[PDB]
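Structure file data39.cif (mmCIF, C-alpha atoms) is printed below.
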```
data_start
loop_
_atom_site.label_atom_id
_atom_site.label_comp_id
_atom_site.auth_asym_id
_atom_site.auth_seq_id
_atom_site.Cartn_x
_atom_site.Cartn_y
_atom_site.Cartn_z
CA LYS A 5 0.00 0.00 0.00
CA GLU A 6 2.14 2.88 -1.35
CA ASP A 7 -1.08 4.77 -2.19
CA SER A 8 -1.84 4.38 1.52
CA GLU A 9 1.41 5.86 2.91
CA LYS A 10 0.99 8.88 0.57
CA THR A 11 -2.33 9.78 2.19
CA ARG A 12 -0.86 9.22 5.68
CA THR A 13 1.98 11.75 5.11
CA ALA A 14 -0.41 14.24 3.48
CA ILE A 15 -2.55 14.19 6.62
CA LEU A 16 0.36 14.53 9.08
CA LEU A 17 1.74 17.40 7.04
CA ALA A 18 -1.63 19.20 7.05
CA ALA A 19 -2.10 18.58 10.76
CA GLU A 20 1.44 19.83 11.49
CA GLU A 21 0.64 23.09 9.68
CA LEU A 22 -2.71 23.55 11.44
CA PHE A 23 -1.65 22.55 14.93
CA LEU A 24 1.17 25.02 14.57
CA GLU A 25 -0.94 27.83 13.14
CA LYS A 26 -3.84 27.56 15.56
CA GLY A 27 -3.23 25.00 18.33
CA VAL A 28 -4.22 21.37 18.75
CA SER A 29 -7.43 21.88 20.65
CA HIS A 30 -8.83 24.35 18.16
CA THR A 31 -7.90 21.91 15.37
CA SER A 32 -10.30 19.08 14.54
CA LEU A 33 -9.88 15.96 12.45
CA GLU A 34 -12.42 17.55 10.12
CA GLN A 35 -10.31 20.63 9.48
CA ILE A 36 -7.24 18.38 9.03
CA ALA A 37 -9.11 16.25 6.53
CA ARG A 38 -10.21 19.31 4.62
CA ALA A 39 -6.72 20.84 4.53
CA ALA A 40 -5.22 17.49 3.51
CA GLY A 41 -7.66 17.14 0.57
CA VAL A 42 -9.09 13.97 2.05
CA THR A 43 -12.33 12.63 3.65
CA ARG A 44 -12.98 12.81 7.40
CA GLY A 45 -13.34 9.04 7.33
CA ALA A 46 -9.86 8.58 5.89
CA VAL A 47 -8.30 10.49 8.78
CA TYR A 48 -10.21 8.44 11.34
CA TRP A 49 -9.37 5.33 9.36
CA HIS A 50 -5.67 6.02 9.39
CA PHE A 51 -5.21 7.64 12.76
CA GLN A 52 -8.07 6.59 14.91
CA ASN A 53 -8.12 9.63 17.13
CA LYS A 54 -6.51 12.95 17.57
CA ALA A 55 -4.17 11.84 20.34
CA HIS A 56 -2.92 8.97 18.30
CA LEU A 57 -2.52 11.26 15.28
CA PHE A 58 -0.40 13.61 17.38
CA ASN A 59 1.66 10.72 18.59
CA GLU A 60 2.40 9.44 15.19
CA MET A 61 3.44 13.00 14.36
CA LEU A 62 5.91 13.15 17.28
CA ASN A 63 7.40 9.79 16.28
CA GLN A 64 8.54 11.38 13.02
CA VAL A 65 11.05 13.19 15.25
CA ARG A 66 11.84 10.99 18.26
CA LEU A 67 15.03 8.86 18.43
CA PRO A 68 14.39 5.11 18.68
CA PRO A 69 15.35 3.36 22.00
CA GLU A 70 17.99 1.14 20.33
CA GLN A 71 19.81 4.13 18.79
CA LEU A 72 20.02 6.04 22.10
CA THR A 73 21.54 3.05 23.98
CA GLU A 74 23.98 2.32 21.14
CA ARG A 75 25.43 5.86 21.28
CA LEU A 76 25.76 5.86 25.12
CA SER A 77 27.29 2.39 25.63
CA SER A 82 36.05 5.77 24.86
CA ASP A 83 34.44 7.91 27.56
CA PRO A 84 30.66 7.51 27.84
CA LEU A 85 30.28 10.74 29.66
CA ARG A 86 31.61 12.52 26.62
CA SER A 87 29.13 10.63 24.42
CA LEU A 88 26.26 11.90 26.57
CA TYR A 89 27.57 15.46 26.31
CA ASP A 90 27.87 15.12 22.52
CA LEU A 91 24.36 13.73 22.31
CA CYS A 92 22.96 16.60 24.37
CA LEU A 93 24.99 19.10 22.37
CA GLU A 94 23.61 17.73 19.08
CA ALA A 95 20.09 17.65 20.50
CA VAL A 96 20.23 21.39 21.23
CA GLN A 97 22.01 22.23 17.98
CA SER A 98 19.32 20.33 15.95
CA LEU A 99 16.76 23.03 16.93
CA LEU A 100 18.36 25.00 14.11
CA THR A 101 19.42 22.30 11.65
CA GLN A 102 16.01 20.49 11.40
CA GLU A 103 12.97 22.64 10.60
CA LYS A 104 10.55 19.71 10.87
CA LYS A 105 11.75 18.99 14.41
CA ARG A 106 11.56 22.67 15.35
CA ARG A 107 7.96 22.81 13.98
CA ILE A 108 6.76 19.64 15.75
CA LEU A 109 8.47 20.44 19.08
CA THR A 110 7.02 23.92 18.93
CA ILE A 111 3.64 22.22 18.67
CA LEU A 112 4.49 19.90 21.58
CA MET A 113 5.67 22.65 23.90
CA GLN A 114 3.81 25.77 22.80
CA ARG A 115 0.66 24.78 20.92
CA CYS A 116 -1.04 22.03 22.94
CA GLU A 117 -2.91 21.32 26.20
CA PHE A 118 -2.78 17.94 27.87
CA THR A 119 -6.42 17.43 28.72
CA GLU A 120 -8.27 14.08 28.67
CA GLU A 121 -8.51 14.33 24.87
CA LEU A 122 -4.71 13.94 24.56
CA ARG A 123 -4.03 11.47 27.36
CA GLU A 124 -2.62 8.80 25.03
CA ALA A 125 -0.05 11.28 23.74
CA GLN A 126 0.94 12.45 27.23
CA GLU A 127 1.47 8.87 28.46
CA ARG A 128 3.71 7.95 25.53
CA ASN A 129 5.61 11.20 25.89
CA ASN A 130 6.18 10.49 29.59
CA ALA A 131 7.35 7.03 28.63
CA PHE A 132 9.94 8.41 26.22
CA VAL A 133 11.23 10.95 28.75
CA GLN A 134 11.31 8.18 31.37
CA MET A 135 13.44 6.07 29.08
CA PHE A 136 16.02 8.81 28.50
CA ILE A 137 16.17 9.50 32.22
CA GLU A 138 16.55 5.78 32.98
CA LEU A 139 19.42 5.41 30.50
CA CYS A 140 21.34 8.38 31.90
CA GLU A 141 20.73 7.14 35.43
CA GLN A 142 22.22 3.83 34.40
CA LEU A 143 25.19 5.51 32.69
CA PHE A 144 25.99 7.61 35.78
CA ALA A 145 25.48 4.53 37.96
CA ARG A 146 28.22 2.55 36.14
CA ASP A 147 31.30 2.16 38.37
CA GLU A 148 33.59 3.82 35.77
CA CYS A 149 31.35 6.97 35.66
CA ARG A 150 30.02 7.09 39.23
CA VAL A 151 33.45 7.58 40.85
CA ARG A 152 33.74 10.74 38.74
CA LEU A 153 30.67 12.40 40.29
CA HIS A 154 31.06 14.89 43.14
CA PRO A 155 30.29 13.90 46.77
CA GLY A 156 26.53 13.67 47.48
CA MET A 157 25.65 13.67 43.81
CA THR A 158 23.73 10.53 42.81
CA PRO A 159 22.86 9.06 39.42
CA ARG A 160 19.16 9.60 40.11
CA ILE A 161 19.70 13.36 40.61
CA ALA A 162 22.31 13.69 37.86
CA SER A 163 20.03 12.28 35.18
CA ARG A 164 17.15 14.50 36.32
CA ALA A 165 19.18 17.69 36.64
CA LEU A 166 20.59 17.09 33.17
CA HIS A 167 17.24 16.33 31.60
CA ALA A 168 15.60 19.38 33.16
CA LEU A 169 18.35 21.54 31.69
CA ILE A 170 17.91 20.14 28.17
CA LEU A 171 14.15 20.41 28.46
CA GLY A 172 14.40 23.96 29.75
CA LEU A 173 16.66 24.98 26.93
CA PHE A 174 14.31 23.60 24.34
CA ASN A 175 11.39 25.22 26.07
CA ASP A 176 13.06 28.62 26.48
CA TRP A 177 14.42 28.76 22.94
CA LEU A 178 11.13 27.72 21.33
CA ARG A 179 9.18 30.32 23.34
CA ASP A 180 11.79 32.94 22.41
CA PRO A 181 14.46 32.24 19.76
CA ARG A 182 16.28 35.48 20.58
CA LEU A 183 17.57 34.14 23.92
CA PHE A 184 20.45 32.28 22.39
CA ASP A 185 22.01 30.70 19.31
CA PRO A 186 21.70 26.89 19.44
CA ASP A 187 24.71 26.55 17.16
CA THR A 188 27.35 28.63 18.97
CA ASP A 189 25.83 28.84 22.50
CA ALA A 190 24.92 25.16 23.08
CA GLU A 191 28.36 24.23 24.33
CA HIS A 192 28.46 27.03 26.85
CA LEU A 193 24.89 26.47 28.06
CA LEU A 194 25.63 22.80 28.77
CA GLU A 195 29.18 23.30 30.11
CA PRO A 196 28.31 24.26 33.67
CA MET A 197 25.96 21.32 34.22
CA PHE A 198 28.64 18.84 33.15
CA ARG A 199 31.36 20.71 35.03
CA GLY A 200 29.13 20.64 38.15
CA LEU A 201 28.32 16.92 37.89
CA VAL A 202 31.74 15.47 36.99
CA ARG A 203 35.09 16.12 38.71
CA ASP A 204 37.67 16.13 35.96
CA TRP A 205 35.57 17.96 33.37
CA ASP B 7 -17.70 43.03 47.89
CA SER B 8 -15.98 43.56 44.53
CA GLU B 9 -12.74 41.72 45.36
CA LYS B 10 -14.81 38.77 46.66
CA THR B 11 -16.42 38.34 43.21
CA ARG B 12 -12.99 38.66 41.52
CA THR B 13 -11.43 35.83 43.57
CA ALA B 14 -14.54 33.64 43.12
CA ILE B 15 -14.14 33.92 39.34
CA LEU B 16 -10.39 33.27 39.30
CA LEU B 17 -10.98 30.25 41.57
CA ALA B 18 -13.64 28.83 39.24
CA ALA B 19 -11.50 29.51 36.17
CA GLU B 20 -8.49 27.89 37.85
CA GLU B 21 -10.57 24.74 38.48
CA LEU B 22 -11.94 24.60 34.94
CA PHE B 23 -8.74 25.47 33.08
CA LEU B 24 -7.07 22.72 35.07
CA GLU B 25 -9.86 20.18 34.55
CA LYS B 26 -10.47 20.75 30.84
CA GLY B 27 -7.86 23.14 29.36
CA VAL B 28 -8.08 26.85 28.57
CA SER B 29 -9.16 26.59 24.92
CA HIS B 30 -12.14 24.39 25.86
CA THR B 31 -13.10 26.78 28.71
CA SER B 32 -15.20 29.89 27.98
CA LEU B 33 -16.01 32.97 30.05
CA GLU B 34 -19.58 31.74 30.16
CA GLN B 35 -18.67 28.41 31.71
CA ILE B 36 -16.48 30.28 34.18
CA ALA B 37 -19.32 32.63 35.04
CA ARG B 38 -21.69 29.67 35.56
CA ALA B 39 -19.21 27.78 37.75
CA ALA B 40 -18.44 30.93 39.77
CA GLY B 41 -22.16 31.54 40.49
CA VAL B 42 -22.00 34.87 38.69
CA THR B 43 -23.30 36.63 35.53
CA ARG B 44 -21.42 36.53 32.21
CA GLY B 45 -21.38 40.33 32.36
CA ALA B 46 -19.59 40.35 35.71
CA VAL B 47 -16.75 38.25 34.29
CA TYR B 48 -16.41 40.52 31.24
CA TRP B 49 -16.62 43.58 33.50
CA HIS B 50 -13.85 42.38 35.82
CA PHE B 51 -11.54 40.75 33.28
CA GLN B 52 -12.46 41.98 29.80
CA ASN B 53 -11.33 38.85 27.96
CA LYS B 54 -9.86 35.42 28.47
CA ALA B 55 -6.22 36.30 27.96
CA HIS B 56 -6.39 39.08 30.50
CA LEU B 57 -8.22 36.79 32.91
CA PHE B 58 -5.47 34.22 32.57
CA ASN B 59 -2.85 36.95 33.08
CA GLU B 60 -4.46 38.12 36.29
CA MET B 61 -4.55 34.49 37.39
CA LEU B 62 -0.81 34.08 36.84
CA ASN B 63 -0.09 37.30 38.75
CA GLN B 64 -1.54 35.68 41.87
CA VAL B 65 1.65 33.62 41.85
CA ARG B 66 4.37 35.64 40.11
CA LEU B 67 6.74 37.71 42.21
CA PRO B 68 6.62 41.46 41.65
CA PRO B 69 9.64 43.13 39.91
CA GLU B 70 10.53 45.25 42.95
CA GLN B 71 10.68 42.24 45.27
CA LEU B 72 12.98 40.25 42.95
CA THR B 73 15.52 43.11 42.69
CA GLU B 74 15.39 43.77 46.44
CA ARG B 75 16.28 40.14 47.22
CA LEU B 76 19.15 40.00 44.70
CA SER B 77 20.79 43.41 45.42
CA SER B 82 26.12 40.13 51.96
CA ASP B 83 26.47 37.65 49.08
CA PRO B 84 24.00 38.08 46.17
CA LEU B 85 25.12 34.87 44.41
CA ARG B 86 23.97 32.94 47.49
CA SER B 87 20.78 35.03 47.41
CA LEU B 88 20.12 33.90 43.84
CA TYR B 89 20.66 30.27 44.85
CA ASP B 90 18.30 30.66 47.80
CA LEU B 91 15.70 32.27 45.57
CA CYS B 92 15.94 29.45 43.04
CA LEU B 93 15.90 26.87 45.81
CA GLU B 94 12.72 28.38 47.29
CA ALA B 95 11.16 28.62 43.85
CA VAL B 96 11.55 24.88 43.29
CA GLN B 97 10.58 23.98 46.87
CA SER B 98 7.38 26.04 46.60
CA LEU B 99 6.03 23.53 44.02
CA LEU B 100 5.08 21.52 47.10
CA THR B 101 4.42 24.13 49.77
CA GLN B 102 1.88 26.12 47.68
CA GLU B 103 -0.98 24.12 46.10
CA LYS B 104 -2.32 27.21 44.39
CA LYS B 105 1.00 27.81 42.61
CA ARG B 106 1.24 24.17 41.63
CA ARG B 107 -2.30 24.32 40.18
CA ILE B 108 -1.74 27.55 38.24
CA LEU B 109 1.68 26.56 36.89
CA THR B 110 0.28 23.20 35.85
CA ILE B 111 -2.29 25.24 33.84
CA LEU B 112 0.47 27.41 32.36
CA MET B 113 2.72 24.53 31.36
CA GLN B 114 0.35 21.60 30.76
CA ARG B 115 -3.11 22.96 30.07
CA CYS B 116 -2.71 25.82 27.61
CA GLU B 117 -1.97 26.60 23.96
CA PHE B 118 -0.63 29.98 22.93
CA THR B 119 -2.73 30.81 19.92
CA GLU B 120 -3.89 34.31 18.90
CA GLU B 121 -6.61 34.15 21.56
CA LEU B 122 -3.97 34.20 24.32
CA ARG B 123 -1.43 36.58 22.80
CA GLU B 124 -1.71 39.12 25.59
CA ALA B 125 -0.83 36.42 28.15
CA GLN B 126 2.11 35.12 26.13
CA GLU B 127 3.61 38.61 25.73
CA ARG B 128 3.41 39.35 29.42
CA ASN B 129 4.80 35.95 30.27
CA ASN B 130 7.74 36.56 27.93
CA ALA B 131 8.21 39.92 29.57
CA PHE B 132 8.38 38.39 33.04
CA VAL B 133 10.87 35.72 31.96
CA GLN B 134 12.88 38.41 30.18
CA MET B 135 13.00 40.45 33.38
CA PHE B 136 14.29 37.58 35.49
CA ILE B 137 16.90 36.79 32.85
CA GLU B 138 17.92 40.47 32.67
CA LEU B 139 18.32 40.72 36.45
CA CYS B 140 20.49 37.59 36.69
CA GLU B 141 22.55 38.80 33.74
CA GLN B 142 23.10 42.02 35.60
CA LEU B 143 23.96 40.21 38.85
CA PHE B 144 26.55 37.99 37.12
CA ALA B 145 27.87 41.06 35.27
CA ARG B 146 28.72 42.91 38.53
CA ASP B 147 32.50 43.05 39.06
CA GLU B 148 32.28 41.25 42.37
CA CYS B 149 30.37 38.30 40.93
CA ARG B 150 31.86 38.19 37.44
CA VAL B 151 35.42 37.47 38.64
CA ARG B 152 33.98 34.34 40.28
CA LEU B 153 32.74 32.84 37.00
CA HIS B 154 34.86 30.26 35.16
CA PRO B 155 36.90 31.20 32.05
CA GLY B 156 34.70 31.64 28.92
CA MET B 157 31.51 31.77 30.98
CA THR B 158 29.62 35.07 30.40
CA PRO B 159 26.72 36.67 32.30
CA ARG B 160 24.52 36.33 29.23
CA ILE B 161 25.03 32.54 29.14
CA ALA B 162 24.99 32.12 32.93
CA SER B 163 21.56 33.72 33.32
CA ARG B 164 20.17 31.65 30.43
CA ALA B 165 21.65 28.34 31.52
CA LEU B 166 20.29 28.93 35.02
CA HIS B 167 16.84 29.92 33.87
CA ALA B 168 16.57 26.93 31.52
CA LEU B 169 17.40 24.67 34.44
CA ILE B 170 14.72 26.14 36.71
CA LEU B 171 12.20 26.10 33.90
CA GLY B 172 13.07 22.51 33.02
CA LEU B 173 12.74 21.42 36.62
CA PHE B 174 9.30 22.98 36.90
CA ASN B 175 8.26 21.51 33.59
CA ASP B 176 9.55 18.01 34.35
CA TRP B 177 8.08 17.85 37.84
CA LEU B 178 4.68 19.13 36.78
CA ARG B 179 4.47 16.66 33.90
CA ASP B 180 5.55 13.87 36.30
CA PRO B 181 5.71 14.47 40.08
CA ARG B 182 7.38 11.09 40.64
CA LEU B 183 10.69 12.28 39.15
CA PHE B 184 11.88 13.98 42.30
CA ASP B 185 10.98 15.50 45.65
CA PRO B 186 11.07 19.33 45.47
CA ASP B 187 11.67 19.52 49.20
CA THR B 188 14.69 17.24 49.64
CA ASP B 189 16.04 17.07 46.02
CA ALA B 190 16.01 20.80 45.09
CA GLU B 191 19.39 21.49 46.72
CA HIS B 192 21.02 18.65 44.75
CA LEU B 193 19.33 19.39 41.43
CA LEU B 194 20.56 23.01 41.54
CA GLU B 195 24.01 22.26 43.02
CA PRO B 196 25.78 21.29 39.81
CA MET B 197 24.65 24.35 37.86
CA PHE B 198 25.97 26.68 40.56
CA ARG B 199 29.12 24.61 41.02
CA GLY B 200 29.68 24.74 37.23
CA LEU B 201 29.14 28.51 36.97
CA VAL B 202 31.05 29.78 40.04
CA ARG B 203 34.64 29.00 41.11
CA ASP B 204 34.56 28.79 44.88
CA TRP B 205 31.12 27.19 45.23
#
```
As structure tokens, what does this structure read like?
Amino acid sequence: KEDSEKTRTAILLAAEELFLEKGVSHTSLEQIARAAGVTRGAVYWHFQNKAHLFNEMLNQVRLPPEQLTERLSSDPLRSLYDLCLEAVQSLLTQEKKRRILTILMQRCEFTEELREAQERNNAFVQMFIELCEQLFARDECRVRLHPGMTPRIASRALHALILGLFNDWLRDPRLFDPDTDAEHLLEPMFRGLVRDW
Amino acid sequence: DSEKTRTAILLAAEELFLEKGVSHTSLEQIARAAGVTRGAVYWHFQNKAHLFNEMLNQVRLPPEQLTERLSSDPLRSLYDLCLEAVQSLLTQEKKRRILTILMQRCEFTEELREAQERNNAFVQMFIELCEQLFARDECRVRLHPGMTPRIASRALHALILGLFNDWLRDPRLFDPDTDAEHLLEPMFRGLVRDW
């Protein structure tokens, strides 16, 4: 079904534009259908519900679990830094990601209607946090942490920072330059977590 | 008599925004839930965005109070302020409720432009004050090589914002009371020499 994947992408593209332009809650599957040049039934047929549609949209720009773990498993703690650095820098280099994350963080309310999308988002964040926790917990890495600083806290402090940077920059792109400022924005967190940084 | 009706409305709106999202909440529904006329809501708040703004103000610090706090050691003062900010996620239910609306229950479309602009303004203020604090000769010498006030204030804000955002999405991640010190530690240790 090639004919089928073509209508899927046409819908996601339309929905991306509309969600962005006017918010998820004010966007209906009926308006998406109409903008995609497609029947309301086709949208429902393909995506089942709005929450699921939004998911599928986010997946277009989430890293798969296997790829994360591969990169993190040479100093691991540098790999994590590099991953975080690239994450922040990609805000500029990938428009599609910038558009979709702007929807996620600026154009959408997590009411009952979007519960499925919230749960799967939590799950993905929980995964990243769990992998970092594990990384910091490894004997080779853990000895490098400052006194009283645990893997649990390290992973959460780090994630909050990345999240906050995304959130700040997407609310207001004037705050910094993801390209040239990413290294300096991340520096202090890594310097504060690890001794010999 | 007039302030009593104002708080009744903001309380109702807080409940509804939380329960069903801003977009799906109307001034009518707020009026109804507040036990008040549609006209009273419009009279007191004009429009949604302004209503939401007034709601946020119930829990934002005023500019004068921020500057007062930050102006023996102002770098410690900043830490303490940030620490209290995070810890208040638990100690003030009202703040938790309103910030959960701000970060989890609202979309910034044209309808809410007034609220977005004023929110930006408030974040810009905080960032500007920290930038200024780090820029002071006494504080600036304490920063590591290559670390500027511009970046310091932005790194720090992103952290606080991220912590709020993470915890409100998922309160299981950490305990604002006992974990705040440790979540903030590395940022301050990484920014300032003798921390």
Quick one: apply the PyMOL selection byres ((chain B) within 6 of (chain A)) to the file and drop the selected residues here as an mmCIF file with C-alpha atoms, keeping the file's coordinate frame.
```
data_model
loop_
_atom_site.group_PDB
_atom_site.id
_atom_site.type_symbol
_atom_site.label_atom_id
_atom_site.label_comp_id
_atom_site.auth_asym_id
_atom_site.auth_seq_id
_atom_site.Cartn_x
_atom_site.Cartn_y
_atom_site.Cartn_z
ATOM 1 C CA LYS B 26 -10.470 20.750 30.840
ATOM 2 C CA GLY B 27 -7.860 23.140 29.360
ATOM 3 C CA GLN B 114 0.350 21.600 30.760
ATOM 4 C CA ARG B 115 -3.110 22.960 30.070
ATOM 5 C CA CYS B 116 -2.710 25.820 27.610
ATOM 6 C CA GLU B 117 -1.970 26.600 23.960
ATOM 7 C CA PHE B 118 -0.630 29.980 22.930
ATOM 8 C CA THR B 119 -2.730 30.810 19.920
ATOM 9 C CA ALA B 165 21.650 28.340 31.520
ATOM 10 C CA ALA B 168 16.570 26.930 31.520
ATOM 11 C CA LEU B 169 17.400 24.670 34.440
ATOM 12 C CA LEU B 171 12.200 26.100 33.900
ATOM 13 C CA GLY B 172 13.070 22.510 33.020
ATOM 14 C CA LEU B 173 12.740 21.420 36.620
ATOM 15 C CA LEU B 193 19.330 19.390 41.430
ATOM 16 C CA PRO B 196 25.780 21.290 39.810
ATOM 17 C CA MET B 197 24.650 24.350 37.860
ATOM 18 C CA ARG B 199 29.120 24.610 41.020
ATOM 19 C CA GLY B 200 29.680 24.740 37.230
ATOM 20 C CA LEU B 201 29.140 28.510 36.970
#
```
Running the PyMOL selection byres ((chain A and resi 69-73) around 9) on this model by hand, what would come out? Give it as an MDAnalysis selection string. chainID A and resid 67:68 74:77 91 132 135:136 139
Can you list what the PyMOL selection byres ((chain A and resi 47) around 12) grabs from this structure, as JSON, numbers by chain? {"A": [8, 11, 12, 13, 14, 15, 16, 18, 19, 32, 33, 34, 35, 36, 37, 38, 39, 40, 41, 42, 43, 44, 45, 46, 48, 49, 50, 51, 52, 53, 54, 56, 57]}
Expected file contents, prior selection, C-alpha atoms, as a CSV table (one decimal), in the coordinates of the input:
```
chain,number,residue,atom,x,y,z
A,8,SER,CA,-1.8,4.4,1.5
A,11,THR,CA,-2.3,9.8,2.2
A,12,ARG,CA,-0.9,9.2,5.7
A,13,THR,CA,2.0,11.8,5.1
A,14,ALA,CA,-0.4,14.2,3.5
A,15,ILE,CA,-2.6,14.2,6.6
A,16,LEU,CA,0.4,14.5,9.1
A,18,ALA,CA,-1.6,19.2,7.0
A,19,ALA,CA,-2.1,18.6,10.8
A,32,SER,CA,-10.3,19.1,14.5
A,33,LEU,CA,-9.9,16.0,12.4
A,34,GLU,CA,-12.4,17.6,10.1
A,35,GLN,CA,-10.3,20.6,9.5
A,36,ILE,CA,-7.2,18.4,9.0
A,37,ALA,CA,-9.1,16.2,6.5
A,38,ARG,CA,-10.2,19.3,4.6
A,39,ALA,CA,-6.7,20.8,4.5
A,40,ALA,CA,-5.2,17.5,3.5
A,41,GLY,CA,-7.7,17.1,0.6
A,42,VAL,CA,-9.1,14.0,2.0
A,43,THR,CA,-12.3,12.6,3.6
A,44,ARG,CA,-13.0,12.8,7.4
A,45,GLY,CA,-13.3,9.0,7.3
A,46,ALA,CA,-9.9,8.6,5.9
A,48,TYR,CA,-10.2,8.4,11.3
A,49,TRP,CA,-9.4,5.3,9.4
A,50,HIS,CA,-5.7,6.0,9.4
A,51,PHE,CA,-5.2,7.6,12.8
A,52,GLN,CA,-8.1,6.6,14.9
A,53,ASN,CA,-8.1,9.6,17.1
A,54,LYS,CA,-6.5,13.0,17.6
A,56,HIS,CA,-2.9,9.0,18.3
A,57,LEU,CA,-2.5,11.3,15.3
```
Given the point (23.0, 37.6, 46.0) in the file's coordinates, find the residues that have an atom at most 12 Å from it, counting all atoms listed in the file, and give them as a PDB file with C-alpha atoms, in the coordinates of the input.
```pdb
ATOM      1  CA  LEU B  72      12.980  40.250  42.950  1.00  0.00           C
ATOM      2  CA  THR B  73      15.520  43.110  42.690  1.00  0.00           C
ATOM      3  CA  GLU B  74      15.390  43.770  46.440  1.00  0.00           C
ATOM      4  CA  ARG B  75      16.280  40.140  47.220  1.00  0.00           C
ATOM      5  CA  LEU B  76      19.150  40.000  44.700  1.00  0.00           C
ATOM      6  CA  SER B  77      20.790  43.410  45.420  1.00  0.00           C
ATOM      7  CA  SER B  82      26.120  40.130  51.960  1.00  0.00           C
ATOM      8  CA  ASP B  83      26.470  37.650  49.080  1.00  0.00           C
ATOM      9  CA  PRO B  84      24.000  38.080  46.170  1.00  0.00           C
ATOM     10  CA  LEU B  85      25.120  34.870  44.410  1.00  0.00           C
ATOM     11  CA  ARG B  86      23.970  32.940  47.490  1.00  0.00           C
ATOM     12  CA  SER B  87      20.780  35.030  47.410  1.00  0.00           C
ATOM     13  CA  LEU B  88      20.120  33.900  43.840  1.00  0.00           C
ATOM     14  CA  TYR B  89      20.660  30.270  44.850  1.00  0.00           C
ATOM     15  CA  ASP B  90      18.300  30.660  47.800  1.00  0.00           C
ATOM     16  CA  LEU B  91      15.700  32.270  45.570  1.00  0.00           C
ATOM     17  CA  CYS B  92      15.940  29.450  43.040  1.00  0.00           C
ATOM     18  CA  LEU B 139      18.320  40.720  36.450  1.00  0.00           C
ATOM     19  CA  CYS B 140      20.490  37.590  36.690  1.00  0.00           C
ATOM     20  CA  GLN B 142      23.100  42.020  35.600  1.00  0.00           C
ATOM     21  CA  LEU B 143      23.960  40.210  38.850  1.00  0.00           C
ATOM     22  CA  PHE B 144      26.550  37.990  37.120  1.00  0.00           C
ATOM     23  CA  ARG B 146      28.720  42.910  38.530  1.00  0.00           C
ATOM     24  CA  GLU B 148      32.280  41.250  42.370  1.00  0.00           C
ATOM     25  CA  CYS B 149      30.370  38.300  40.930  1.00  0.00           C
TER      26      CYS B 149
END
```
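Taking CA of residue 204 (chain B) and CA of residue 152 (chain B) as endpoints, the distance between them is 7.2 Å.
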